[PDB]
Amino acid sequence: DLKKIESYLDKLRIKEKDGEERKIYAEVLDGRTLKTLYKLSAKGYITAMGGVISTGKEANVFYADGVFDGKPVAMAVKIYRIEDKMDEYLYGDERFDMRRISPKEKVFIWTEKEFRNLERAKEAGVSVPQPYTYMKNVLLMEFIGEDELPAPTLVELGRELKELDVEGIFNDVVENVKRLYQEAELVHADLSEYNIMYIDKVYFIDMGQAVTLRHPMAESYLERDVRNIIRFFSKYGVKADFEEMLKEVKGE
């Protein structure tokens, strides 16, 4: 319960002096997840958990210092809550549509799916965070940002985009959608200003729902992604045609 939580927080060196992190961890993570994090720490993948980056309805995201490839890396640790709507994105994906989606296994299969989508995208040259490892409902990946503060998402940039190469940023997004579709053969299926981050270039995040092109709604998901992106960049002065961008992505 609460004693079980405190021991793992102590073990993870998540201290009260660190602001509200400890109170947040203790509420958003349950005993089973904390144990998994401790397993990853004791195995040597995690050096030290840090700040809480995001708390959500499906997942929570934390900063961590860890080790991957025998080097110390800044990590984002993305954790799916052990406890619906996502199902069309799970069933109907060929890689999972003949598998046993048990209720008590479902969240773990989702985490796995995101990890495999990250590897798939990354290896096809799409800008996503380098995936490092995963265990149960825990994903360890490359931290996008510096000095423990996450790069802004596009929506967090907002008007600041007018102070940037907004057309260039748009073209970066389109090029990544095109690589995702053509080389990785995936459709993001929830692409928006809420899951594109920007440092010196764009990175796509939140790939749990991405489906291969063999998913029967894949082309519908794509056009939804493309319309979504064009409409968002329209607010910041990017003039783009749906037809042309969709053809560009698909290779027509």
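When you see a residue number, it is the position in the sequence shown, counting from 1.
Chemist: What is the count, as a class, of unmodelled deposited residues between residue 83 and residue 84: none, 1 to 3, 4 to 9, or 10 or more?
Modeler: According to the record, 4 to 9 deposited residues lack coordinates from residue 83 to residue 84.
Chemist: Mean CA B-factor: is it higher for 92-100 or for 140-148?
Modeler: It is 92-100 that shows the higher mean C-alpha B-factor.
Chemist: Would you determine, from the values in the PDB entry, which of 127-135 and 160-168 has the greater average C-alpha temperature factor?
Modeler: Taking the mean B-factor of the alpha carbons in each, 160-168 is higher.
Chemist: Of the options 46, 189, 184, 199, which has the highest CA B factor as deposited?
Modeler: In the PDB entry, the greatest C-alpha B-factor among 46, 189, 184, 199 is found at 199.
Chemist: Quick check for you: using the entry's CA B-factors within this chain, is residue 69 in the lowest, middle or highest third?
Modeler: For residue 69, whose C-alpha B-factor we compare with every modelled residue in the chain, the answer is the highest third.
Chemist: For the chain shown, is the CA B-factor of residue 213 in the lowest, middle or highest third of its modelled residues?
Modeler: Ranked within chain, residue 213 CA B lands in the highest tercile.
Chemist: Check where residue 116 lands among this chain's C-alpha B-factors and tell me if it's the lowest, middle or highest third.
Modeler: Within its chain, residue 116 is a lowest-third residue by C-alpha B-factor, going by the deposited values.
Chemist: How does residue 239 rank on Cα B-factor within its chain, lowest, middle or highest third?
Modeler: According to the entry, residue 239 has a C-alpha B-factor in the chain's middle third.
Chemist: Please say which third, lowest, middle or highest, residue 179 falls into when its CA temperature factor is compared across its chain.
Modeler: Answer is lowest: the recorded C-alpha B-factor places it there.
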